[PDB]
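1. pasting an experimental structure with its sequence.
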Amino acid sequence: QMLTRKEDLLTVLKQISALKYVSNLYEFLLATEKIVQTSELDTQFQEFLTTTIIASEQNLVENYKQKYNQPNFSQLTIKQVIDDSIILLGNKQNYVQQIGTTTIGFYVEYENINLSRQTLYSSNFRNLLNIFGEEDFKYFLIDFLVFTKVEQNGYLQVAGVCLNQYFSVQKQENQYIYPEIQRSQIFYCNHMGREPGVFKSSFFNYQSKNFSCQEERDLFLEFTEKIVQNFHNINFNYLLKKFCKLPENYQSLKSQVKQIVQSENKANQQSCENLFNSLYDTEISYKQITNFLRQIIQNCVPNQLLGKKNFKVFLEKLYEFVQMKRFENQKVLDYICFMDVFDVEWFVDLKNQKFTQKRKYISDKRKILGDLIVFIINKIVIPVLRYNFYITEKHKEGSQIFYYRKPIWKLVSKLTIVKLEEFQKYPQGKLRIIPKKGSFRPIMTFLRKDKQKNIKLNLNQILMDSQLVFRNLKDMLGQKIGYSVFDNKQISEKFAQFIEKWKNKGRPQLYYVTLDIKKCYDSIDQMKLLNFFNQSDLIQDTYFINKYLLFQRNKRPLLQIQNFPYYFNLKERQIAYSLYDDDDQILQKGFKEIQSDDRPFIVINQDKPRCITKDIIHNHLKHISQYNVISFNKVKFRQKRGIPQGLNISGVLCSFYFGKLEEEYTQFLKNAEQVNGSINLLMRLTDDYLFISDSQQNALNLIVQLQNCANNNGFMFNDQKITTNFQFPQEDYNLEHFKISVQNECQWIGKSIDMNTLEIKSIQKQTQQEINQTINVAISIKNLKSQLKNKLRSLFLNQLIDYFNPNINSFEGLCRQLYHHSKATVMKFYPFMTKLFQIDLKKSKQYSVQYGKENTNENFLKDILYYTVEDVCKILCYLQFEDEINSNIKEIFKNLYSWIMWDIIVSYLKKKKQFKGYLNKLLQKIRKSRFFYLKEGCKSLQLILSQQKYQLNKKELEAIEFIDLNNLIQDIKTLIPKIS
Amino acid sequence: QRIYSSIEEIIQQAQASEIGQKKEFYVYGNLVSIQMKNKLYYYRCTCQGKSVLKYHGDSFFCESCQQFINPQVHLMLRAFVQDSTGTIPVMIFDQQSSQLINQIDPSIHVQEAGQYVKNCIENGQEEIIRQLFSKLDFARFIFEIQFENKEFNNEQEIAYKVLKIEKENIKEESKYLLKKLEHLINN
Amino acid sequence: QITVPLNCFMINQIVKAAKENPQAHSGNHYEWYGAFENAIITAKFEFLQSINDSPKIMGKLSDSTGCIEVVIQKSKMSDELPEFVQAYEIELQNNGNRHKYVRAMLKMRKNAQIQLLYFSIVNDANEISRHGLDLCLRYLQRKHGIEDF
Amino acid sequence: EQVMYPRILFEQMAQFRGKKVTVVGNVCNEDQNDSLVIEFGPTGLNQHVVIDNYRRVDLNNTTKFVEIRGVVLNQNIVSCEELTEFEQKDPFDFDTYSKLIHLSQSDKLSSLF
Amino acid sequence: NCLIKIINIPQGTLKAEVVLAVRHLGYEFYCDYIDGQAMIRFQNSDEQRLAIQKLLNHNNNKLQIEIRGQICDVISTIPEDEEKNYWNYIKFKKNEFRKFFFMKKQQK
DNA sequence: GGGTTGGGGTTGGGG
RNA sequence: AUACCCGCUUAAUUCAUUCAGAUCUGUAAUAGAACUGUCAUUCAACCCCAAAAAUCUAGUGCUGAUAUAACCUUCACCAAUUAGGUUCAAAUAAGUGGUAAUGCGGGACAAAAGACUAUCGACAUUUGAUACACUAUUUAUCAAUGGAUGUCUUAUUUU
Ligand SMILES: [Zn+2]
C-alpha cells in the first residue's frame, strides 16, 4: 500500500466485495454478443460506451446473452419502454429512475425536476435501445448499476438501485437506553419568584413502567412524599448565605446601578466597565456549588432510599457532574457501574431472579435504580440549579461553565437594556446576553415556530446562492477588496503561493500591515445596501437537491490483501445549487466545480424550490432591516444602523457591503500599486484586515488614504497596529481614532507569520489553558475503537490542512508546523485518554475479550496510537510535492514524520509518567520505529546512489536537504535545533 | 337512501370550489398503487394525544393526558382511487385501511394492524408488506369521499379524504348507471 | 387519458382503421370517439397457446362479438412467478376446462401485438352486464361530451 | 374465423334458426340427465327454454345459472357449444338483463354492429 | 433431620440442574448424586422443615420437584441404615481431605 | 382523525 | 503496611427577594406589609463557514538493535523546575506552584515461619467446558487445587 493517486474508478469499484460483476458498457456489450469488434458506430457514442460503467451483484452476462434474434424491435418509444420497466418494479423503492414518479396502476406522469432524465433520452440511449432490444433494455435498467460520464471527474448513477439506501443504514439493547440527563436544560434561565422554593410549577406544587410489581412504586410514592415535606419545610436563603453568598457591597451595587439607570448620561463608560468586571467577579466556586448541592441532597432524600454506600458514591459523582464542561453529559451507567444493587434493603426480590440468574437480577435492579436516579436529578437537581443560578460561559474564553446569581444577572440585563441606546406572520427573534470580556456583546436567535425556522432556512439557502455568486465574481475579479472572503484556506493558499513567487523573483523583504474594524454588523446602511442590491447581478434562479458521494480521505487495499467491505468510503455530503440561462454544465450537473483528486461522482434528486428574482430577497430585507420585535423579555426596540447579529446571513451581507465600499477604495489603491509595480497583496475578513508590501512608503500612504475614505462615513475601530512608524497625517488619524503599536512577525486571528521567511504558524499555548474552555470527551459504550480512531483523527482541525501544502516550503518549516501541531494535539488529547483510561476494563466482555488479555491498556492504546501514526504517514497525499514518483523517499519521508510523532509522544508520555508500567512498552515501540528509520535513512543513501532518475528541482533538492542535514546522527542533532 | 356521482364531476366541482367546502359523494371505483416511500403510520395516545412529547427509545408520554401510556400507532396510507371516469390521489384513515388489511388477511386484528406493520418494518419484514400492498390493487368497492379546498402554508391546494369504504353491489350500481344512461338518452 | 372499456368488435374496427388510415401528424395511439391507449374487457378466457421461445403465453380471449389474442412475455425469470400470479385463478380450478368469464386489462400501442396486463375471473354475469352497459354509456358520454365540450 | 354470438329471447323467435347466438339462464327443471334440461332465461318465470346440455353437466359443482351458445331449435332447444356455469351468490336482475339486451341491441349495439 | 433424597431422577442428569432446582427454594445445601438418586444435606432441621413445607404439594400432598421438565418425588424420612451409610461416606470425605492435606504437608 | 422533520455534536475562525 | 489508611461525629439562621399590578395602608411621596404568576412549553442547540468519518471495522509493521546519551527517586496528593546519581537498569534529594474539611479510637510492629491436616474429599485457588448470562457481574458441576484457609509469637534487648 503506497498511497492514493488520481483514481482508476473501474479498479476502485471492482476492488470492493458486494458487487461481483464490474465492467464498462463497451466490453460488456462485446462479451454479450450484442456488439462485435467491427461495430464502428458513431465515435461520440463509442466514447459514451467506453466511459459508461456498469456493475451488478451477479455475473448475469449469461442472462444477457443473445440466445436468439427474432428481429422485430419495431418502433417502441423509449418513454414507453422506460414506463414499462418502471411498472416492472411495482412496490420496490429507492432506485434512481424511480425518482419523480407517479405510479398509477399501469400509467405514470412525470413530476418535479430531474436533470438526470435529460441525461437520459439521449441519442446514446436510443442507440442502446436499438442494441439491447425490449427485454434486455428493461432488465438491464432494473438490475445493473448504470454509471455514465458527463464530466472529467463527473459520473452519473442514472439507473439501478440508489446508492443512498445501499450506504445509509449506518431481542436487542443488552443495556437499555437509560434516558439522558438534559444538562443543556440548565442554560439561560431568566426567572425569579420572589424567593427560593425553586419551582411552584413543578411536581412540588408520574407513573412507572417496570418497577418491582408496584409495591416498590408505592414505597417510591411514600419517599416522594417525604422529600416533598422536606422541600416544603427547608429554607434556602440561609444555605445560600452559607455557600453562595452575595457580595457584601450588594446594596451599594444596587444604588449605583439605579443612579446609572437614572442619569448615567455621558459620564458612564468607564464606571460601567468597572462595574461589569466586578459583577463578572461574582462567580461561585465549583466546590462551593458541590457542597451546596450535596447538602440539598442530604436534607431531603433517604440514604436508605439510595443505599448508604451508593448514596455516598452519588454524592461524589455530583462534583464530577458540576465540573464537567458544556456539551457533555455523564451517562446513567457512569454512576450505575459504581452503584450497588445490594446496599438497599427494601429492594424486592420478586420471583427470586437472584436464584435464577443473579446477574439478570442485578441488571434489572440497575435499570430500576438508574431510572430512579434519572428522576431525582432531572426533576430536582436541574430545576433547582436552573431557578437558583444563571449558567453561562465567556465567549472569548470558551466552554468554561460559569455560575452567577439571578439578581446580579438581572441587574446586568437592565444595564444592557439601558445600552440599547444604539405585512406577514412575523419571524420574531430572541435576545441572549453573551459575555465576551469585562464587557458584553450579545447575540440573537429565531425560535418557537416551525414556519419561522423554515423561512430562516430559506434565507439561508438564498443567501448561500448569493455567497456563491459573490465568490465566483470575487475569484474572477474581486468585487470586494479582492482576496477577501477566503473561506478556510483558498485565498490564503493563493496569497501565499503568489507572495512566495515574488520572494523567489521580486523582493522577499516586505512589510506587513494589520488593520481592525469594530462592529461590522452595525456599520451597515439600509438604503445604500438596497441601492447596491438594485445592481442585481443575478435573476432567474432555481434549485436542485443534491445526493453526492465521493472520495473520502483513506487508502484502499490492493488486490494483494495477503474480509468484506461494501461499496462506500466515498462519504456523502449535501449541497444546494443555483441555475439560470447560462452554460449547460450547470444545467446538466447541477454543480459548478470542486477541486479534488481525479475520481468522479454525481447523483441528483428531484425537488422544485422556487426563487427566481431578487424581489423576494427585497421582501425579506423589508422583513429584517425595518421591522424587528426581538424580545429579551418584553423589549421591542432595536438599533437600526446595521444588520442584526445572530442573523444566519449577516456575514455574507457584511461581506457584500464592504464589497461595495472596497470596490471604490481598493480600485483606487490596487490600481495605484499596479502602476507602481504591484509588490502588494491584501486580505480582509468581516472586520479584520492584513496588507503586505515591500515599499513601506507607498504602502503607508495607501494605509492613510484607505483609512481616510473608510472613516469618511462613520465607521470606527481601535486596536493594535503596524510596524510602520509615523507618516504624521497617520499620527493625526491615530489621535482621532486609535492607538498605534509596532511589532514584527505579524500575528493574526489565530495564525501568525514570520514574514521574513513567510513561515506561517497558527498558535502555541499551555496545557491547562488548552484543557480549559474547549475540551469535550466522548464515552466508551461499545463505541471505543471508532471513537478513538476518529478522535485521534482530531488532527481534523488544521494540522491536516493549511500548512502541508505550501508547495515550496522547506522541510524545516514543514516539520516545525508538524511538531507544533503535534504538541497542541497532545495538549488537547490528554483529557481523552486520561478520562477513558480510568475505566480501562480488563473485564470488558467484548473489547477486552477480543483483546485477549487483561492488560487492555497496553496493547489497545499501542494499537490506536500506532494506527493514527500510520494514518498520518499515509495522509501525505499533500506530499506529492517531493515524493510522488521517487518510489522510496515516500517511505523515508513518512517514516521521518512518524519519528517526529513518536518523539512528541515520548516527551508527553514522560509527561504522563504515572503510567510507567506500559509507558516503557510504548517507548520500546517508539525506539523500534526510531532506530529502524535511522537504518532506513542510511539505506536511502545507497538507494539514491543505485537509482538513476534525478528530478533536480524537487527530488534532488530534498535529497540534498536530507543528506546535508539528516546524516544518521545529524538528523537528530539538526532537527532538534529545528525543533528549537 | 344515498346518491352517487362520477370522478370527473367530483374533480370539476372541487376545481370550481372554494376554501372550507366539504361535500360527500359515493362512487363505485377501486384502489390501486399505494405509495409507501413516506412513513406509514404516526403516534397518538389512548386519549388522542394532540402533541405527545417525543422521547427517544420509543418512549411515550402524552400531553393531553400527561401519564405513562400504552402507545396508539395509527397507520396512515396514501393511494389512488380510480373509476371508468377518473382517478384521484386519496388518503385513507387508519380505521378503514385496517379494515381493508383485515379483508386481505384476517390473521391481523383491526387495531393490531398498525402495531404489526411497525413490527414488520422495524424487524425487516418489508417484501411481504409490499406483496400484500400489491394484493390490494383493483379492489372494487363503494367509496364515500369528501374534499377540501384548503390552503397548506400560504399555498392553495385541493385535498381529499375518504371516509366510508363499502363493498360493491352490481345489482344496484348497474341500475344507477343504467338510469343515468336512460336520462342521457332522453336528453 | 383514462382506461376505457372495450370489446372485440370495436377493437377489431380500431385495428382495421389503424391498418388503413396512416393518420398523418398522429400515430402511436388509437383514437375512437376521442382517443385512448388502455382498455378493460370482460370476456371469456380462451385456449392457452404455449409459445415460449422469446415470448410467453399467447392468451386468447373472446366475447359475444369476436375472438382476439394477446401476449405475455418474460426472458428468464421476470414474468414466470407473476405469470402464475395471473394464472392461478385459472389453474387451481382443476375442473373448469380452460374457458371462463373473466375481466382483464390490455395496453394498446400502434404495433401488431397486444400485451396482457392484469387478469381476474368473473363469477357473476351481473358484472358482465355491468361491464357492457358501462362501456356503452362511456362511449355515449365520451362522444357527446367531446363534441359538446 | 370470427363467429358472432348475439343475445336473443322468445320475443325473437325469428333469430332461432341459423344464427349462432348466446344463451343464458337459470336451470329451472334441474334435469339429472346431465345432457338436457329446462331453464328460464332472463325473466321471472315461463321462459321455458330447452337446453340440450353438454353431455356432462356439473349439476352439483356450481349454482343454478348456466350460459351456453349455439343455434336455437324451433322448440326452443339449444344445441351445445360451450358451458360457462357460474357459482352465484346474488342472482340476476332479469329486468336489468332484458333492458340491456333489448335496448343496446335495439339502437346502440345496432348503431355499433 | 437435615437430609432429603431425590429419587426417580431422569437418567443422565447432571448435578448443576438439580442444585439449581434446589436453589429455586433459596436455601443453602449440599448435594451428592449417585447412580438416579440425589442425597441432599441441609444445615439445620429448621431449614429442613422449611424446605419440606416449600416442596410439598397439597394437590397430591407430597414432596415434589421439577427435574428437566419431569416431576420427581423426594423423601425426607431417610432410613436409618441409609443415613448411617451417608454419614460414614461424608466422614470418609472429611478424613480423606484431612489425610490429603496431612500427606501434602508430609512430602516437605 | 393527521399531515417535511428535529434535533446529534459541539473543533479553528467571525459575530 | 510508614504519615497515612480505616471504624466511629460534624457546623451556625432573614446573603436575597425582580417585574405585571393588586389590597394601595404610606401617601410630603415611598417606603413598605404583602398576595398571585411563572418559564409560563419547559424552547433548544447562536449561527455561519470550514476541514473526517474503520462503517456491521478490527487495517497489522519497522524482525529489538542501541540512548551514551538515555535512565533512576524524594518530599500528605498533583504539576513545573532543579540538581544528584546510574549507565544498566536501579538506589538521590531539593525547590517552587497548585490540590487535599473537622474531633475520638483500630490497622501497630516494624514479619515470616513454627506446629496443629487445625477448619476442610463441606474448604476456598485459578484455568477450561456446560448452563446461564451478558456493554461495569456471577452462577453448580468437571477436572486440578492441595495445605484454600486460621490459630501463638517475633529484640529476658540493645536480637
Ligand atoms: Zn394522553
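-> Now that the structure is in, tell me what you want to look at. Numbering: from 1, shown residues only, chains lettered A, B, ... in the order given.
2. going by C-alpha atoms from here, please, whenever you check contacts or count neighbours.
-> Noted.
3. and chain E, what are its domains?
-> If you go by automatic domain parsing, the domain ranges for chain E are E:3-77, E:80-108.
4. how about the last one: buried residues?
-> It stands for domain E:80-108. Across domain E:80-108, burial judged by 16 or more other C-alpha atoms under 10 Å in any protein chain shown covers residue E:86.
5. do that domain and RNA strand G come into contact?
-> Yes. Using C-alpha under 7 Å from any atom of the strand, domain E:80-108 reaches RNA strand G at E:87, E:90-91, E:93-102, E:104-105.
6. give me the distance from the longest helix along chain C to the chain's centre.
-> Assignment by DSSP state H gives helix C:125-146 as the longest helix of chain C. Put simply, helix C:125-146 sits 16 Å off its chain's centre (C-alpha atoms, centre = their mean, to the nearest Å).
7. any buried residues in it, and which?
-> Neighbour counts over helix C:125-146 (16+ other C-alpha under 10 Å) mark C:125-142 as buried.
8. can you give me phi and psi for residue 47?
-> With no chain named, the answer covers chain A. Backbone torsions of residue A:47, given as degrees, to the nearest 10, read phi -60, psi -30.
9. ah, no, chain C please
-> The phi and psi values for residue C:47, taken as degrees, to the nearest 10, are phi -60, psi 140.
10. for it, which non-adjacent residue is closest in space?
-> Distance criterion C-alpha to C-alpha, 6 or more residues apart in numbering or on different chains; nearest residue to residue C:47, sequence neighbours excluded, is residue C:60 at 5.9 Å.
11. buried set for the helix or strand harbouring residue A:830?
-> Per DSSP states H and E, residue A:830 falls inside helix A:811-836. Buried positions in helix A:811-836, judged by neighbour count with 16+ other C-alpha under 10 Å: A:811, A:813-830, A:832.
12. how about that helix and RNA strand G, touching?
-> No. Contact of helix A:811-836 with RNA strand G (C-alpha under 7 Å from any atom of the strand) is absent, the minimum separation being 8.2 Å.
13. how distant is that helix from the center of its chain?
-> Per C-alpha atoms, centre = their mean, the displacement of helix A:811-836 from the mean C-alpha position of its chain is 19 Å.
14. which helix or strand lies directly C-terminal to it?
-> Using DSSP H and E, the helix or strand that directly follows helix A:811-836 along the chain is helix A:847-851.
15. how far does that next one sit from its chain's centre?
-> In terms of C-alpha atoms, centre = their mean, the centre of helix A:847-851 is set 32 Å apart from its chain centre.
16. what helices and strands are in contact with the helix or strand just after that helix?
-> Later in the chain than helix A:847-851, the nearest helix or strand by DSSP H and E is helix A:856-874. When contacts are defined as 3 or more C-alpha pairs under 8 Å, 6 or more residues apart in numbering or on different chains; DSSP states H and E, helix A:856-874 packs onto helix A:784-792, helix A:847-851, helix A:889-911, helix A:916-946.
17. quick one: buried residues of the last one?
-> So that's helix A:916-946. Neighbour-count burial for helix A:916-946 flags A:918-920, A:922-923, A:926-927, A:929-930, A:933-934, A:936-937, A:940, A:944 (criterion: 16+ other C-alpha under 10 Å).
18. say whether RNA strand G is contacted by that helix.
-> Yes. Judged by C-alpha under 7 Å from any atom of the strand, helix A:916-946 and RNA strand G are in contact via A:916, A:924, A:928, A:929, A:930, A:931, A:932, A:933, A:934, A:935.
19. for those residues, which one is nearest chain C?
-> The shortest approach to chain C among the residues of helix A:916-946 next to RNA strand G belongs to residue A:929, at 59.0 Å (C-alpha to the nearest C-alpha).
20. could I get the full set of helices for chain B?
-> If DSSP H is used as the criterion, the helices of chain B fall at B:7-15, B:94-104, B:112-123, B:127-134, B:170-186.
21. would TSV of these with distance to residue C:147 and mean neighbour count be doable?
-> Listed next are the helices of chain B as TSV, based on distance: least, C-alpha to C-alpha, whole Å; neighbours: other C-alpha atoms under 10 Å in any protein chain shown:
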stretch	distance to residue C:147	mean neighbour count
helix B:7-15	17	16
helix B:94-104	40	18
helix B:112-123	49	16
helix B:127-134	38	14
helix B:170-186	15	15
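22. minimum distance to chain C: which of these has it?
-> Nearest to chain C, of all the helices of chain B, is helix B:170-186, at 5.6 Å by C-alpha to the nearest C-alpha.
23. and residue A:173, what is it in contact with?
-> For residue A:173, no contacting residues are found, by C-alpha atoms under 8 Å, 6 or more residues apart in numbering or on different chains.
24. same check, this time on the one 10 residues further on
-> For residue A:183, the set of contacting residues under the criterion of C-alpha under 8 Å, 6+ apart consists of A:327, A:328, A:329, A:382.
25. does the helix or strand encompassing residue A:366 reach chain B?
-> According to DSSP H and E, residue A:366 maps onto helix A:353-376. No. Remark: helix A:353-376 sits outside contact range of chain B, by C-alpha under 8 Å from any C-alpha of the partner chain, the gap being at least 13.0 Å.
26. contact partners of the helix or strand just after that helix?
-> Following helix A:353-376 in sequence order, the next helix or strand is helix A:382-388 (DSSP H and E). Applying C-alpha under 8 Å, 6+ apart, the contact partners of helix A:382-388 are A:183, A:185-189, A:191-192, A:196, A:198-199, A:405-406.
27. columns distance to residue B:99 on top of those residues, output as a markdown table?
-> Shown next, in a markdown table, are the contacts of helix A:382-388 (distance: C-alpha to C-alpha, whole Å):
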| residue | distance to residue B:99 |
| --- | --- |
| A:183 | 46 |
| A:185 | 44 |
| A:186 | 48 |
| A:187 | 49 |
| A:188 | 51 |
| A:189 | 50 |
| A:191 | 52 |
| A:192 | 55 |
| A:196 | 57 |
| A:198 | 52 |
| A:199 | 48 |
| A:405 | 60 |
| A:406 | 58 |
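28. I'm done for today, thanks for sticking with me.
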